[PDB]
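Each residue takes its place number in the sequence, starting with 1. We use all heavy atoms of the structure for the numbers below, so side chains are in, but hydrogens, waters and symmetry mates are not. Order of listing sets the numbers, starting from 1, for every ligand and every atom in it.
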Amino acid sequence: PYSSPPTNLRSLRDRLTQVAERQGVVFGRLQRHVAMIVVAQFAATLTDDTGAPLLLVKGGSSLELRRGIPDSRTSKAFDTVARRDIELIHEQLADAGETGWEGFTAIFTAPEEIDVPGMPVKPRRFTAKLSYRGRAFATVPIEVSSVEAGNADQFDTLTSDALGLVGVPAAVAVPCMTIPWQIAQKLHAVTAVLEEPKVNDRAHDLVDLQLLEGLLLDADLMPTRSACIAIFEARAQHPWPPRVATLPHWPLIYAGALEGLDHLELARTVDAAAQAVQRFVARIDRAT
Ligand SMILES: Nc1ccn([C@@H]2O[C@H](COP(=O)(O)OP(=O)(O)OP(=O)(O)O)[C@@H](O)[C@H]2O)c(=O)n1
(Lines give C-alpha, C1' and ligand atoms only; values in the text may rest on other atoms or scores of the structure.)
Protein backbone atom coordinates (compact mmCIF):
# COMPACT_ATOMS: atom_id res chain seq x y z
CA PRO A 1 0.00 0.00 0.00
CA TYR A 2 1.39 3.39 -1.08
CA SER A 3 1.41 6.32 1.37
CA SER A 4 1.07 9.07 -1.25
CA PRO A 5 0.56 9.60 -4.99
CA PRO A 6 3.29 8.90 -7.54
CA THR A 7 5.56 11.93 -7.76
CA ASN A 8 5.75 11.69 -11.55
CA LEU A 9 4.96 9.64 -14.62
CA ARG A 10 8.01 7.43 -14.15
CA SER A 11 6.82 6.49 -10.67
CA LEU A 12 3.26 5.94 -11.92
CA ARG A 13 4.47 3.53 -14.61
CA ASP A 14 6.73 1.71 -12.14
CA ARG A 15 3.77 1.37 -9.76
CA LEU A 16 1.50 0.21 -12.60
CA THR A 17 4.09 -2.46 -13.46
CA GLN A 18 4.14 -3.53 -9.83
CA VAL A 19 0.35 -3.79 -9.58
CA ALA A 20 0.12 -5.52 -12.96
CA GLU A 21 2.46 -8.34 -11.87
CA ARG A 22 0.77 -8.76 -8.48
CA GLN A 23 -2.64 -8.86 -10.19
CA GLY A 24 -1.16 -10.90 -13.06
CA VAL A 25 -2.52 -8.70 -15.86
CA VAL A 26 -0.60 -7.17 -18.74
CA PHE A 27 0.85 -3.75 -17.98
CA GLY A 28 -0.54 -2.18 -21.18
CA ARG A 29 -4.07 -3.37 -20.45
CA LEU A 30 -3.90 -1.99 -16.90
CA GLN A 31 -2.48 1.31 -18.18
CA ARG A 32 -5.35 1.59 -20.69
CA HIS A 33 -7.81 0.74 -17.92
CA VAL A 34 -6.34 3.39 -15.59
CA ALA A 35 -6.35 6.02 -18.34
CA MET A 36 -10.01 5.23 -19.03
CA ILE A 37 -10.87 5.62 -15.36
CA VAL A 38 -9.12 9.00 -15.37
CA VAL A 39 -11.10 10.08 -18.44
CA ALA A 40 -14.27 8.92 -16.67
CA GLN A 41 -13.49 11.33 -13.81
CA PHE A 42 -13.44 14.24 -16.24
CA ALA A 43 -16.62 12.93 -17.87
CA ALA A 44 -18.37 12.56 -14.51
CA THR A 45 -18.14 16.33 -13.97
CA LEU A 46 -20.70 16.76 -16.80
CA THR A 47 -24.13 16.95 -15.13
CA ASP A 48 -27.60 18.29 -15.77
CA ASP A 49 -29.37 20.78 -13.52
CA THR A 50 -30.19 17.94 -11.10
CA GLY A 51 -26.66 16.58 -10.71
CA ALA A 52 -27.35 13.56 -12.94
CA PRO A 53 -24.63 12.53 -15.45
CA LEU A 54 -24.75 13.69 -19.05
CA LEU A 55 -22.59 10.72 -20.14
CA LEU A 56 -22.94 7.01 -19.40
CA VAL A 57 -20.23 4.48 -20.23
CA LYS A 58 -21.36 1.55 -22.40
CA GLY A 59 -19.96 -1.16 -24.70
CA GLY A 60 -16.71 -2.97 -24.06
CA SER A 61 -15.52 -0.30 -21.64
CA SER A 62 -18.66 -0.93 -19.58
CA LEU A 63 -18.00 -4.69 -19.51
CA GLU A 64 -14.40 -4.20 -18.36
CA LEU A 65 -15.61 -1.99 -15.49
CA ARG A 66 -18.31 -4.46 -14.45
CA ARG A 67 -16.34 -7.69 -14.86
CA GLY A 68 -12.65 -6.80 -14.45
CA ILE A 69 -9.70 -6.87 -16.85
CA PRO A 70 -9.25 -10.69 -16.50
CA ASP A 71 -12.86 -11.46 -17.42
CA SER A 72 -13.48 -9.10 -20.35
CA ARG A 73 -12.23 -8.30 -23.81
CA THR A 74 -9.78 -5.48 -24.49
CA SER A 75 -11.97 -2.40 -24.74
CA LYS A 76 -11.21 -0.25 -27.73
CA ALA A 77 -12.63 3.06 -26.55
CA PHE A 78 -14.21 4.93 -23.67
CA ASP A 79 -17.65 4.47 -25.25
CA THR A 80 -20.59 6.56 -24.08
CA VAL A 81 -24.15 7.58 -24.60
CA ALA A 82 -24.62 11.35 -24.24
CA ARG A 83 -27.74 13.27 -23.17
CA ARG A 84 -26.52 16.52 -24.81
CA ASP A 85 -25.29 17.25 -28.26
CA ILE A 86 -21.63 16.69 -29.05
CA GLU A 87 -20.56 20.35 -29.05
CA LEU A 88 -21.68 20.88 -25.44
CA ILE A 89 -20.18 17.57 -24.32
CA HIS A 90 -16.83 18.41 -25.95
CA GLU A 91 -16.70 21.95 -24.55
CA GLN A 92 -17.34 20.74 -21.00
CA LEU A 93 -14.98 17.75 -21.35
CA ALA A 94 -12.15 20.00 -22.55
CA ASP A 95 -12.69 22.34 -19.61
CA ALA A 96 -12.62 19.38 -17.22
CA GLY A 97 -9.35 18.15 -18.73
CA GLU A 98 -7.68 21.56 -18.39
CA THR A 99 -8.66 21.79 -14.70
CA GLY A 100 -7.29 18.27 -14.20
CA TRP A 101 -7.88 15.56 -11.61
CA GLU A 102 -5.35 14.19 -9.11
CA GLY A 103 -2.46 15.54 -11.20
CA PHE A 104 -3.89 14.17 -14.50
CA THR A 105 -4.80 16.54 -17.35
CA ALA A 106 -6.35 16.00 -20.77
CA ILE A 107 -6.57 17.56 -24.23
CA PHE A 108 -9.43 16.37 -26.47
CA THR A 109 -9.18 16.30 -30.27
CA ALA A 110 -12.05 17.52 -32.44
CA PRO A 111 -14.99 15.10 -32.79
CA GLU A 112 -15.55 13.26 -36.05
CA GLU A 113 -18.62 11.41 -37.28
CA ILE A 114 -18.08 7.64 -37.53
CA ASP A 115 -19.75 5.13 -39.80
CA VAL A 116 -21.37 2.18 -38.02
CA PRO A 117 -23.93 0.21 -40.06
CA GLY A 118 -27.22 -0.39 -38.26
CA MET A 119 -27.23 2.47 -35.84
CA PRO A 120 -29.91 5.15 -36.31
CA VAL A 121 -27.42 7.98 -35.65
CA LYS A 122 -23.73 8.05 -36.57
CA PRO A 123 -21.61 8.32 -33.39
CA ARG A 124 -18.81 10.84 -32.97
CA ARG A 125 -15.22 9.78 -32.27
CA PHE A 126 -12.36 11.77 -30.81
CA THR A 127 -9.32 11.26 -28.57
CA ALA A 128 -8.25 12.23 -25.08
CA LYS A 129 -4.51 12.92 -24.73
CA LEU A 130 -3.78 12.45 -21.02
CA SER A 131 -0.80 13.79 -19.07
CA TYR A 132 0.34 13.06 -15.53
CA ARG A 133 1.95 16.07 -13.84
CA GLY A 134 2.88 17.45 -17.24
CA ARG A 135 4.26 14.27 -18.85
CA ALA A 136 2.41 12.50 -21.68
CA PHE A 137 0.77 9.41 -20.22
CA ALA A 138 -1.63 7.92 -22.77
CA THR A 139 -4.24 8.65 -25.40
CA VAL A 140 -7.77 7.29 -24.93
CA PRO A 141 -10.13 7.01 -27.90
CA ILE A 142 -13.57 8.26 -26.92
CA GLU A 143 -16.88 7.46 -28.63
CA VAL A 144 -20.14 9.35 -28.05
CA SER A 145 -23.61 8.17 -29.16
CA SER A 146 -27.05 9.77 -29.01
CA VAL A 147 -29.66 8.52 -26.56
CA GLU A 148 -32.02 5.87 -27.84
CA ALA A 149 -35.45 4.86 -26.61
CA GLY A 150 -34.74 6.24 -23.14
CA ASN A 151 -31.56 4.20 -22.63
CA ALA A 152 -30.00 7.04 -20.50
CA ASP A 153 -32.94 7.51 -18.12
CA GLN A 154 -31.35 5.08 -15.64
CA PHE A 155 -27.76 4.25 -14.78
CA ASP A 156 -25.55 2.20 -12.45
CA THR A 157 -22.50 3.57 -10.64
CA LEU A 158 -19.39 1.45 -11.08
CA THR A 159 -16.14 1.72 -9.14
CA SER A 160 -12.53 0.61 -9.58
CA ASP A 161 -9.71 0.40 -7.07
CA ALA A 162 -7.05 0.51 -9.79
CA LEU A 163 -6.03 4.11 -9.04
CA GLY A 164 -6.14 3.50 -5.29
CA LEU A 165 -3.71 0.62 -5.84
CA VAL A 166 -1.12 3.02 -7.26
CA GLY A 167 -1.73 5.53 -4.44
CA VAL A 168 -4.24 7.97 -6.01
CA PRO A 169 -6.96 8.14 -3.33
CA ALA A 170 -9.82 10.15 -4.85
CA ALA A 171 -13.17 8.46 -5.30
CA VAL A 172 -13.94 6.78 -8.61
CA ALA A 173 -17.56 6.85 -9.73
CA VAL A 174 -18.29 5.74 -13.30
CA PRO A 175 -21.93 6.10 -14.39
CA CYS A 176 -22.77 3.21 -16.72
CA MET A 177 -25.65 2.30 -19.03
CA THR A 178 -27.67 -0.50 -17.43
CA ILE A 179 -27.18 -4.16 -18.33
CA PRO A 180 -30.73 -4.51 -19.73
CA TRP A 181 -30.10 -1.65 -22.20
CA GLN A 182 -26.64 -3.00 -23.04
CA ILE A 183 -28.09 -6.45 -23.85
CA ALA A 184 -30.79 -4.85 -26.05
CA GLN A 185 -28.23 -2.94 -28.13
CA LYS A 186 -25.86 -5.88 -28.62
CA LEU A 187 -28.71 -8.27 -29.45
CA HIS A 188 -29.86 -5.83 -32.13
CA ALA A 189 -26.34 -5.40 -33.49
CA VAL A 190 -25.36 -9.04 -33.68
CA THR A 191 -28.63 -10.05 -35.40
CA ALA A 192 -28.81 -7.14 -37.90
CA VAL A 193 -28.63 -8.09 -41.59
CA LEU A 194 -26.80 -5.54 -43.72
CA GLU A 195 -27.30 -4.52 -47.40
CA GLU A 196 -25.84 -7.22 -49.61
CA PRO A 197 -22.51 -5.58 -50.61
CA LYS A 198 -21.88 -4.98 -46.88
CA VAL A 199 -21.78 -7.84 -44.35
CA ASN A 200 -22.16 -8.02 -40.57
CA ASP A 201 -18.76 -8.57 -38.88
CA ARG A 202 -19.83 -8.44 -35.19
CA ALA A 203 -18.97 -11.99 -34.10
CA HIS A 204 -17.40 -10.48 -30.95
CA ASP A 205 -20.90 -9.55 -29.70
CA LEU A 206 -21.41 -13.30 -29.12
CA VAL A 207 -18.64 -13.14 -26.53
CA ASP A 208 -19.97 -9.95 -24.90
CA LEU A 209 -23.53 -11.33 -24.78
CA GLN A 210 -22.39 -14.47 -22.97
CA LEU A 211 -20.47 -12.20 -20.57
CA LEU A 212 -23.61 -10.11 -20.03
CA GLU A 213 -25.75 -13.19 -19.39
CA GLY A 214 -23.39 -14.04 -16.55
CA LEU A 215 -24.12 -10.64 -14.97
CA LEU A 216 -27.92 -10.54 -15.34
CA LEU A 217 -30.13 -11.39 -12.32
CA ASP A 218 -33.50 -12.95 -13.00
CA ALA A 219 -35.22 -9.95 -11.43
CA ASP A 220 -33.94 -7.92 -14.41
CA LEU A 221 -35.05 -10.40 -17.08
CA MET A 222 -38.41 -8.71 -17.60
CA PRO A 223 -36.77 -5.25 -17.62
CA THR A 224 -34.35 -6.62 -20.25
CA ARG A 225 -37.26 -7.90 -22.36
CA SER A 226 -38.90 -4.47 -22.31
CA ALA A 227 -35.56 -2.82 -23.13
CA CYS A 228 -35.04 -5.22 -26.04
CA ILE A 229 -38.50 -4.36 -27.35
CA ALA A 230 -37.90 -0.62 -26.95
CA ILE A 231 -34.55 -0.83 -28.77
CA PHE A 232 -35.90 -2.96 -31.63
CA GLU A 233 -38.93 -0.63 -31.97
CA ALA A 234 -36.87 2.58 -31.89
CA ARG A 235 -34.48 1.29 -34.55
CA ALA A 236 -37.33 0.33 -36.93
CA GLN A 237 -35.41 -2.56 -38.53
CA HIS A 238 -35.76 -6.31 -37.96
CA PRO A 239 -38.39 -7.34 -35.36
CA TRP A 240 -38.05 -8.67 -31.82
CA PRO A 241 -37.31 -11.53 -31.03
CA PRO A 242 -34.49 -12.06 -33.56
CA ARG A 243 -32.83 -15.16 -34.92
CA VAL A 244 -29.17 -15.35 -33.80
CA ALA A 245 -27.44 -16.57 -36.96
CA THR A 246 -23.80 -16.80 -37.96
CA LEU A 247 -21.99 -16.07 -41.19
CA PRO A 248 -19.24 -18.08 -42.90
CA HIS A 249 -16.44 -15.61 -42.12
CA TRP A 250 -17.20 -15.43 -38.38
CA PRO A 251 -15.28 -18.45 -36.96
CA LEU A 252 -11.81 -16.84 -36.88
CA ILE A 253 -13.27 -13.57 -35.64
CA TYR A 254 -15.14 -15.30 -32.80
CA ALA A 255 -11.96 -17.18 -31.84
CA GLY A 256 -10.00 -13.94 -31.76
CA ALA A 257 -12.53 -12.31 -29.44
CA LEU A 258 -12.15 -15.26 -27.04
CA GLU A 259 -8.39 -14.71 -26.67
CA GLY A 260 -7.41 -14.82 -23.02
CA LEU A 261 -10.90 -15.82 -21.80
CA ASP A 262 -10.40 -19.60 -21.56
CA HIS A 263 -10.89 -19.70 -17.79
CA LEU A 264 -14.52 -18.77 -18.50
CA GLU A 265 -17.24 -21.15 -19.60
CA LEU A 266 -17.72 -19.61 -23.03
CA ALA A 267 -19.02 -21.54 -26.00
CA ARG A 268 -16.05 -22.91 -27.90
CA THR A 269 -17.38 -22.58 -31.47
CA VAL A 270 -19.15 -19.61 -33.01
CA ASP A 271 -22.19 -21.68 -33.97
CA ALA A 272 -22.39 -22.98 -30.39
CA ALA A 273 -22.15 -19.37 -29.19
CA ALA A 274 -25.01 -18.33 -31.48
CA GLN A 275 -27.21 -21.08 -30.05
CA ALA A 276 -26.28 -20.07 -26.50
CA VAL A 277 -27.24 -16.46 -27.22
CA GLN A 278 -30.41 -17.81 -28.89
CA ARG A 279 -31.26 -19.57 -25.61
CA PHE A 280 -30.67 -16.24 -23.81
CA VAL A 281 -33.02 -14.54 -26.26
CA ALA A 282 -35.71 -17.13 -25.49
CA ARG A 283 -35.23 -16.74 -21.73
CA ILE A 284 -35.58 -12.96 -22.06
CA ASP A 285 -38.56 -13.26 -24.37
CA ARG A 286 -40.45 -15.50 -21.91
CA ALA A 287 -40.04 -13.19 -18.86
CA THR A 288 -43.47 -11.60 -19.24
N1 LIG B 1 -25.12 -1.87 -34.73
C2 LIG B 1 -24.58 -1.46 -33.58
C3 LIG B 1 -23.20 -1.33 -33.42
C4 LIG B 1 -22.69 -1.06 -32.15
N5 LIG B 1 -23.53 -0.66 -31.14
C6 LIG B 1 -23.03 -0.15 -29.85
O7 LIG B 1 -21.77 0.53 -29.97
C8 LIG B 1 -20.74 -0.04 -29.15
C9 LIG B 1 -19.42 -0.05 -29.89
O10 LIG B 1 -19.33 -1.10 -30.80
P11 LIG B 1 -17.84 -1.51 -31.22
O12 LIG B 1 -17.30 -0.33 -32.00
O13 LIG B 1 -17.84 -2.76 -32.07
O14 LIG B 1 -17.09 -1.73 -29.82
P15 LIG B 1 -17.48 -2.87 -28.77
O16 LIG B 1 -18.59 -3.74 -29.33
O17 LIG B 1 -17.98 -2.28 -27.48
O18 LIG B 1 -16.18 -3.84 -28.57
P19 LIG B 1 -14.88 -4.08 -29.58
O20 LIG B 1 -14.62 -2.84 -30.42
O21 LIG B 1 -13.63 -4.38 -28.75
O22 LIG B 1 -15.04 -5.20 -30.59
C23 LIG B 1 -21.27 -1.39 -28.65
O24 LIG B 1 -20.91 -1.61 -27.31
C25 LIG B 1 -22.78 -1.24 -28.79
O26 LIG B 1 -23.36 -0.79 -27.58
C27 LIG B 1 -24.91 -0.73 -31.33
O28 LIG B 1 -25.70 -0.42 -30.45
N29 LIG B 1 -25.41 -1.18 -32.53
Side-chain angles (χ1 to χ4, degrees), residues 28-29 32-33 36 39-40 55-67 69 71-82 86 111-127 140-152 155-156 158 174-195 198-213 215 224 227-238 240 242 244-245 247 249-250 252-261 266 270 273 277:
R29 180 81 190 272
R32 298 161 82 81
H33 178 92
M36 198 152 71
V39 165
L55 287 162
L56 310 181
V57 179
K58 70 174 166 71
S61 44
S62 162
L63 263 168
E64 188 181 303
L65 270 168
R66 301 187 173 268
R67 290 210 60 152
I69 292 91
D71 296 3
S72 58
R73 298 181 308 102
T74 295
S75 56
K76 76 184 181 69
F78 178 87
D79 199 310
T80 58
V81 59
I86 187 71
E112 298 290 297
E113 208 188 276
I114 284 291
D115 174 77
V116 55
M119 320 205 57
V121 184
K122 263 200 189 155
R124 310 288 211 265
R125 168 174 171 121
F126 57 105
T127 291
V140 188
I142 292 140
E143 293 201 356
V144 182
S145 280
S146 300
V147 292
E148 191 161 43
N151 63 357
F155 65 92
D156 303 311
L158 283 294
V174 190
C176 184
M177 196 178 75
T178 65
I179 287 145
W181 286 115
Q182 182 71 241
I183 293 171
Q185 288 194 330
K186 298 270 263 195
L187 284 174
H188 195 277
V190 74
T191 64
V193 169
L194 300 188
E195 293 177 350
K198 313 300 179 279
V199 74
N200 191 330
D201 296 319
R202 312 196 46 95
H204 75 283
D205 281 348
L206 295 178
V207 177
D208 292 356
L209 285 157
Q210 292 172 78
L211 293 169
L212 290 159
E213 192 178 18
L215 300 172
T224 302
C228 286
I229 292 174
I231 284 301
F232 278 61
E233 290 199 352
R235 282 187 184 185
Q237 283 174 1
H238 58 305
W240 172 270
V244 191
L247 299 174
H249 66 300
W250 276 18
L252 280 173
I253 308 179
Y254 179 76
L258 286 174
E259 188 54 67
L261 293 177
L266 304 165
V270 73
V277 175

Given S72, which partner from the list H33, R29, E64 fulfils the side-chain hydrogen bond (donor to acceptor under 3.5 Å, both in side chains) test?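 The option that passes is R29.
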Within ligand 1, which atoms have a heavy atom of [X] less than 4.0 Å away?
| X | value |
| --- | --- |
| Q182 | 24 (O), 26 (O) |
| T74 | 21 (O) |
| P117 | 1 (N) |
| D79 | 8 (C), 9 (C) |
| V116 | 3 (C) |

Measure [X] to ligand 1 on non-hydrogen atoms and call it side chain, backbone, both or neither using the 4.0 Å cut-off.
| X | result |
| --- | --- |
| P123 | neither |
| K58 | side chain |
| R235 | side chain |

Looking at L215, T224, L63, which hits side-chain contact (heavy atoms from CB on, under 4.5 Å) with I179?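 Exactly one candidate clears the test, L215.
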Would you mind finding which of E143, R73, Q237 brings a heavy atom closest to atom 18 (O) of ligand 1?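 Considering heavy atoms of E143, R73, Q237, the nearest to atom 18 (O) of ligand 1 sits in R73.
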Between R202, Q185, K186, which one has a non-hydrogen atom sitting closest to atom 4 (C) of ligand 1?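 Nearest option to atom 4 (C) of ligand 1, by heavy atoms: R202.
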Spell out, as yes or no, whether a donor-acceptor pair under 3.5 Å connects the side chain of [X] to the backbone of [Y].
| X | Y | value |
| --- | --- | --- |
| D79 | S145 | no |
| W240 | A230 | no |
| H188 | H238 | no |
| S61 | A77 | yes |

Under 3.5 Å, N or O to N or O, is [X] touching ligand 1 that way?
| X | value |
| --- | --- |
| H204 | yes |
| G60 | yes |
| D208 | no |

Could you pull out the closest heavy-atom pair between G150 and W181, with the gap in Å?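 Minimum heavy-atom contact is O-CZ2, 3.7 Å.
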Could you check whether any side-chain heavy atom of [X] comes within less than 4.5 Å of a side-chain heavy atom of [Y], counting everything from C-beta outward?
| X | Y | result |
| --- | --- | --- |
| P111 | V144 | no |
| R73 | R67 | no |
| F78 | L55 | no |

[atom]: which protein heavy atom is closest, and how many Å away?
| atom | answer |
| --- | --- |
| atom 12 (O) of ligand 1 | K76 CE, 2.7 Å |
| atom 24 (O) of ligand 1 | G59 CA, 2.8 Å |
| atom 2 (C) of ligand 1 | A189 CB, 3.4 Å |

